[PDB]
Amino acid sequence: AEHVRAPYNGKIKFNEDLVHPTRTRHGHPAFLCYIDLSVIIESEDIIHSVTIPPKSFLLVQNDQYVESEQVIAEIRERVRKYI
Amino acid sequence: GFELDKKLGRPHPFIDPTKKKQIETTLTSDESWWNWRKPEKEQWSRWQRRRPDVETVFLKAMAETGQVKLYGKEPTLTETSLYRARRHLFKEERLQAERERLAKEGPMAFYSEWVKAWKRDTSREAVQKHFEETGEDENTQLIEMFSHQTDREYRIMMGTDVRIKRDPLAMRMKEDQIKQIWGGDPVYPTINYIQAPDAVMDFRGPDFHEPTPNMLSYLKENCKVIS
Amino acid sequence: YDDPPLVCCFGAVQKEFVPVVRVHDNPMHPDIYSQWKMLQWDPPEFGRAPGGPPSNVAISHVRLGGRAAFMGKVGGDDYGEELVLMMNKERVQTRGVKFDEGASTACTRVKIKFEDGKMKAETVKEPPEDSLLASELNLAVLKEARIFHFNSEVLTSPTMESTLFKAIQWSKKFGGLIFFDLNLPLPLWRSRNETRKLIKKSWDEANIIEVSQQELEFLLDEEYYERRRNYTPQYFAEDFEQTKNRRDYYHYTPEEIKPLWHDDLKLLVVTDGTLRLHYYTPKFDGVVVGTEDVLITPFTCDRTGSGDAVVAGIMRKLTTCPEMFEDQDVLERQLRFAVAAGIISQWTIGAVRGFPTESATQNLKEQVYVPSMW
Amino acid sequence: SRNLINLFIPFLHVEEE
Amino acid sequence: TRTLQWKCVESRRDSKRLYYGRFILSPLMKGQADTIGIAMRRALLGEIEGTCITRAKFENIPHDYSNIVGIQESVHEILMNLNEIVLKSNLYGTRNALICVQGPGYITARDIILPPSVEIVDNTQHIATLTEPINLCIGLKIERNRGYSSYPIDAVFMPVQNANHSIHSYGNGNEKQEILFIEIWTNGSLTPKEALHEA
Amino acid sequence: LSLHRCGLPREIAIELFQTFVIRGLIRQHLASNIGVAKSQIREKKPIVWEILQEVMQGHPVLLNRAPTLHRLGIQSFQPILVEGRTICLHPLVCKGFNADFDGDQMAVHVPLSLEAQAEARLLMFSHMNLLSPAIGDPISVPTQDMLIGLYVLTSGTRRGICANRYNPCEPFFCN
Amino acid sequence: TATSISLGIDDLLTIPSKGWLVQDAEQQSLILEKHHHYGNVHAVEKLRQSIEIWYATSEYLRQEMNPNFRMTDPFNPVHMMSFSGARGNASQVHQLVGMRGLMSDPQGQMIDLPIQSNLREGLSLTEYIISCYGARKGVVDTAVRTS
Amino acid sequence: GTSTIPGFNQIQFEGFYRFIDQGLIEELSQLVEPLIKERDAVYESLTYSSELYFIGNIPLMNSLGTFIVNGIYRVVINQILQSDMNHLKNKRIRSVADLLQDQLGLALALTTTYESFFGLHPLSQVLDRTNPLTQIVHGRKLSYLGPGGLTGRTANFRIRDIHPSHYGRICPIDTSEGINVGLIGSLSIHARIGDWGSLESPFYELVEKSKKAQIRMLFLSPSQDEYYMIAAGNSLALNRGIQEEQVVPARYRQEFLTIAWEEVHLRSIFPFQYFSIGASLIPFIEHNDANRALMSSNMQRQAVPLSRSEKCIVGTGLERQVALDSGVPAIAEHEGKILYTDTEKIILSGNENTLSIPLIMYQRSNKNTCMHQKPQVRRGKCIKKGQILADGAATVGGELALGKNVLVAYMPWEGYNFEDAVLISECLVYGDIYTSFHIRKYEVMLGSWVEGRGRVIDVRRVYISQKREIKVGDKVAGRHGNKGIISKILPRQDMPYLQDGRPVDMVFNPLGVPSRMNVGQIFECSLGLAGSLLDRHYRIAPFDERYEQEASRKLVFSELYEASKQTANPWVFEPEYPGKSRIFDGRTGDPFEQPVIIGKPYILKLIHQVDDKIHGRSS
Amino acid sequence: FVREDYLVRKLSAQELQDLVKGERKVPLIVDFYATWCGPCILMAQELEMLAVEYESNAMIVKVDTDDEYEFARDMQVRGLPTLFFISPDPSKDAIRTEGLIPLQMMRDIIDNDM
RNA sequence: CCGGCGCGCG
Ligand SMILES: [Mg+2]
């Protein structure tokens, strides 16, 4: 499991209708990606594009602000827990 | 301005201010999921202060002297990394400037910085006049001036040794500048740690247990072993 | 006049000697002093941030980057010279110190009597610390000093009372501010009314007053606030935060402070150790939330001199930030500095030995608080 | 050898009074 | 008068057995200062000879790890004190001295009967203290040597405690001259100037 | 040390080569019999060491570390007399022995017969055992300090922005 | 010897973005702990988040450790001691300049607390105790690797 | 042990007294003091025992916690066995009280069986008297072996592991090396043995307003350790809220959490709570990998007392406790005044009571190490009961002193520090810096030089002293797991020297730090240099980063700058590269290209050395 | 068989009253202390040393202010640590010293004033 | 010149 990280500070721009809502193993809302989704980061100087491979979890939302080196997507026994 | 400082390598912003745009408006926490919301109150972190280092102090010093100019008053981590990459060139420039100053002023004017008891004029013209009226050349006057230097001053002047080549910026750095390398005074006072090298440990002090009684004397005191 | 502005500490110069003494119900072993450190991390409430002589405040103020002068009298013996040397090595101005060749420093002559079947003592000859005359004052120091600081210990001596009031007139003439740091000694805890009558004049002569929570509650009403602290609702709490049984940090209303308020009072600070700093001004009032950690160093912690550090930090910020008296946010931001200074001062054995420097105090303030609170 | 000796001769120099 | 001069720019006697001296030598051609400095340092640290006690003879001692009644220090402590005595002599050979005193009192380095060719540097150096009037006769052996080594005494013959030197640019590169400083620490058996000349 | 040499303590050497030293003493008429030669050896006479040094020339020894995991755990070297009480070992043969100098010890053996000496000289010396039998990589390759020295030596010039402060808009040697 | 490589406290170079990345991981752990208390996530979701977010942060520091050394301090003594292949690997250097990451309890499971400090910064008392888990494993596993 | 570190022998002392109290009566279902003195029992090989009235002889325990049988010091160590099987709440600890009382059960079914118990029982061991550190740590060992206990083959693999119930009771670092790893434990500094055979550690109770709570320090058995939320963090954190909802790491139910302060019951506040004596003598231990901490503790137990001892510039503050509890120094048993002092004795008089205290002079240990004592007081000095009177071997001024402070550089030097070799200077040899006395015993005129060569010092049994200066092949080590063999000795003119001209005494390989991951030695060497110039000593408790980030760095860097400024030595602190300085080649006078970390660390000399390992055989 | 670790005895107000009323041959030194007071630890050690110094030539006693608060207030005690040096001659007047005074100061007071 | 037990080193 490799993590896609934001390469620049900017505004995340993608269409949320091409992704399927899900729930991560950490309990967070996310978008499941099954296609060649294109994500646009509107950086300070130049608008940049990040390609998200399919079968991957997109953890950010559209129009969200991201920082550099911040994880934006994730690609991809029995234990008893007591409360 | 730009497009020439960038070509020449002169100090310039990484991003051209004219060719710069804002990042519009982002989610306002009312159109965001719970896990992506900025917390209402600032959270204590233990990483909320920038770590002090040599690079920040030196970059601030060279920004004060005008050797380099930074984007703001406090150098960023990018600028600190760039200085760490290119720090030998600036030290070489400082050393070359010191060499030129020594060649221009002369040994008497240059080395009088570390001889404070020397009150005579150290200019080349004054040295020439002293030679004319006394017959003592520049070398004799230089030997005489070094005869008033103290051992502390001589040891400080060893940074000008041709084999040591101490940074001139570090030589003239003041205490308030140097203390910022490690971040200033420790919050826990060092006086708690300090002990005299000749100190004898007082075993009746507050940090020691009660004196250990003799086992036989302790047994007899409780009236359990007869004489 | 050189910067930072000078402050003057008036009173007795003593080594240690916490004045505030009351009865505590949790005594340790009478002989094994190795157990007495447990009362440093579980202190009596009145001894949470103890104060001391004005010399402690002067030394702490100088260590925090300020300039201070001490006004008082010592004997001409070895002890007086040693005290003056200790104050000099800390860069406290000594020109206001008067020497008495015929007096024994920190020594008082008393006569033991047996009135009504109980042993008692009465003063025969006052010590030189309590024997400073108005003719022995230093007029240059009183002219230069921007804050005049004193404790209620001088009110236990008539000579020092008269000298103190003359010095207050002189300081007010030249434009200085009067800092009354109460620090009630053992006699002044006997009853509320006599202490109020004894301190009324000095209280009304002061622009800045610092009292502990215990001192303020004793001066207003001890039983009322004790009852208010012990109150517990019978059926349910009035709000959720009252269900947590947290420590009481009650903030006194200015209406409750009204009996102790007067016209020349610019700032009143009530300190619950370093945990709470209740401040009152003619325009506003509030509380600065602080903290403490003496359990971080259980074997070197000592609370002696903590209140001196807090008062010295208050004076240090007041002399350089005149906007403190008029801006609430600035006042809280600068009082956090005094909170940090008091916190560090609890980490060392000995009051003078453990007084923090300005660099360490600022470092701890920036470490403890979030950056938006600096 | 001669250059070394010439380098260490001056330390034994004395001056006229 | 001379174009190249040397002078003592500082002389200091911190104690009776620790002398200090700093010397200058300018102007030197480039590269000469390094050669002079390294050779002078090695000569000062390795080539200068000293004199010290190397053998002490007792009479009523089973072994050097025993005590004497009436003397506070044991035989080992006495030998250690004897090893710290600083002597001066210009001659070679195994000279012998004598300690022949009666107590009580303090036995200092001025109680040693020396041959005329040997001198004491520090009169106040301690050997032993006598609490009662017991006889004490010790025969010593002294020779001049280099480096380091009847009970044998581990003698350290080097009289120069430490040395240092520095090289500084003289000025404008007309001939790129240099200035040499030399610092010498001795134990008082010879002055730093004497050490420089001997080196 | 050379790659084919080791340092032997004087006591170990005189113990191991005792019979050869006895023969050397008797051969040059410096000992009347075996008993006199043994007495001379026991007294540590200065002439015993000359004969020991003479007879150790050309006579190999076998060194061996404790956990012999492969055949390079025992190797043959030419012993020389070194001062002290320790065995001097070449730095380049430590990897084969898996040895470091923090307390390790080694055993020494002397081949007696001529066939054993020939075997040790022609099969077990380190200069014909430069390759490991497991896969064939070299075993006496410079490591650690030598590797850092070579890396620093062959680390070339500073180039580009690490060499010049500004955009640039060296001696020539015959041999 | 002529170059005389050495090793000081300053040479132990942490990458410039550790404080940024540790702060982000702390912010995400603080938010999820509150919502776990709210009943918005269950225990396994909280247990997985803390382990994986701090393992990803630890692994990212190790990846960027070498490019930081290569571009900004090529002649750093720590970098030269391992890039040349002389002594030490990237994992051991990460323990000195990055973060020790996560440890494991004896019965397989991972401890739900990261060691976010390196050996140059100084382990906390809690972190030092947790790091003793792997110290015991190494000595015990030695007694079975040989036998 | 509520407010101070308890006596390291208090467990043995309390156990023996309990055996005398109830163990004798519980088994008999009247003792007289021994006729032979404790010194006489060992001098002529007897057993220090007292008579029971004539049923038999009961051995007596020394105030240091060791028995004497046949003139041999013996220690009875504790055992762990079954009372989650590895939980400490299902265990019990058997002290000397249980072992001595149990033998009384066999004895009554005395003199012979007690004699055979110390000789033969595995839990009874010969006291290690190499140095004062070994004397005390031997008695605090915990073993799973012994009768009724598991064998190494019997040992389960889930055992030998660290259990969370061990925190504060069993040191997680200290363990035996080899097949017995994880089966030989060690008690913590503040650990105590409870009334149910369980180990207890003190914790500070945080309780609500309405509670008296006269003493807030209370000991937890491991059974009740689970059900408390114990925090180890501090309360130096504030945001716009209030202090109670600040989060800190905590322990609860065998796992680690991060909860608010208002949910914390107990606090761990003692600095040395979780470690044993060996691990508590390592300064800056939090910067060393725990793997080397185990080896560092073992190495400190092999240090040889030197003929002359000196205190460490940098320590932890536990050296004074070790010296007091070892019995090596002389401790006053009565207040009074000093009247006479010499090598053989010290005379103390107080309250019409005059006592004479004999002093040990060149005696032999079980490990062939010399013991010696020198007065620490002068005539006319007032003394409290329990204050030091004289200094023993490896003890200076009432502190443990196992090594020396020497000038050290960390650089490669021509392969003579390859791997783990150490290059030293001749000054350490002719200065007698690392010279130690060693005495053997063999079952001849006194003061004769036999030819094992040495001087005969005592005849009763022949004792031969051997003065051993440092040599090539000797082992030296620091307190951070940094061991090494001396491979080369150079003249002082050949060693690298500093910018003040002083040559260094040892040269260490810098390559040994990254692979071994012990950064604490770099911290100690830099601070040792600063203390020597400032005439300061430092006793620093571990984990100083609890106060602030990089607390050790701030302390070392600021003290380095203070020494540089006060002594006018700009090379001591370099702004360009703090802690490092350019040094010069002693052979050429040319500087080395890179700055070198230098300092004055504390280096020990270990028992493992040549003259005891060189062997040769012909036939 | 076992010597006591502390020579300074703790007295009540009534016991101190009886001691002062009764005939005295040696100077009497009265210490006022509280276990919650930090400076009182150092004073406790200093007075133990002083008691060791003056074996039978002086009497050192201590009064806890947590048990005799009213008695301490009556005797003009304004803080801690506070020492009272009472001369054996009833004609003379006692001396009260406030603060952590040096041991030499106590020796001087006892020698030249009691 | 034989075996057990304990402690260590690589
Ligand atoms: Mg090894």
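Letters go in sequence order (proteins before strands), and every chain restarts at 1.
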**Request:** Look at F:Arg85 together with F:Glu11 and state whether they make a salt bridge at an N to O cut-off of under 4.0 Å.
**Result:** yes
**Prompt:** Are H:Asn509 and H:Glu419 linked by a side-chain donor-acceptor pair shorter than 3.5 Å?
**Reply:** no
Where do N or O atoms of nucleotides 2-4 of chain J meet protein N or O atoms at under 3.5 Å, pair by pair?
none

Using a 3.5 Å cut-off and no angle test, enumerate the donor-acceptor pairs between side-chain atoms of residues 64-71 of chain H and protein atoms at least two apart in sequence or in another chain.
none

**Message:** H:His438: which residues meet the ring pair (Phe, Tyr, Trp, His ring centres under 6.0 Å) condition with it, sequence neighbours left out?
**Reply:** none
**Request:** For residues 142-151 of chain H, pull every pair meeting side-chain hydrogen bond (donor to acceptor under 3.5 Å, both in side chains), keeping only residues two or more places apart or in separate chains.
**Result:** none
Could you run down the sub-3.5 Å N/O contacts of the protein with nucleotides 6-9 of chain J?
unit_1 : atom_1 : unit_2   : atom_2 : d
J:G8   : OP1    : H:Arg301 : NH2    : 2.9
J:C9   : OP1    : H:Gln302 : NE2    : 2.8
J:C9   : OP2    : H:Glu177 : OE1    : 3.3

**Item:** H:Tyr114 and H:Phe118 aromatic ring geometry - parallel, tilted or perpendicular at 30°/60° bounds
**Value:** parallel
**Asked** Of H:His121 and F:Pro67, whose nearest nucleotide on RNA chain J comes first from the 5' end?
**Response** H:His121
**Prompt:** Can you tell me how far P of J:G10 sits from CG of F:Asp100, to the nearest Å?
**Reply:** 9 Å
**Asked** Between H:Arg468 and H:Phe437, is NZ or CZ placed under 6.0 angstrom from the six-membered ring centre and within 45° of the ring axis?
**Response** no
**Request:** Just grab all the side-chain hydrogen bond (donor to acceptor under 3.5 Å, both in side chains) pairs involving residues 136-147 of chain G, residues at least two apart or on different chains.
**Result:** none
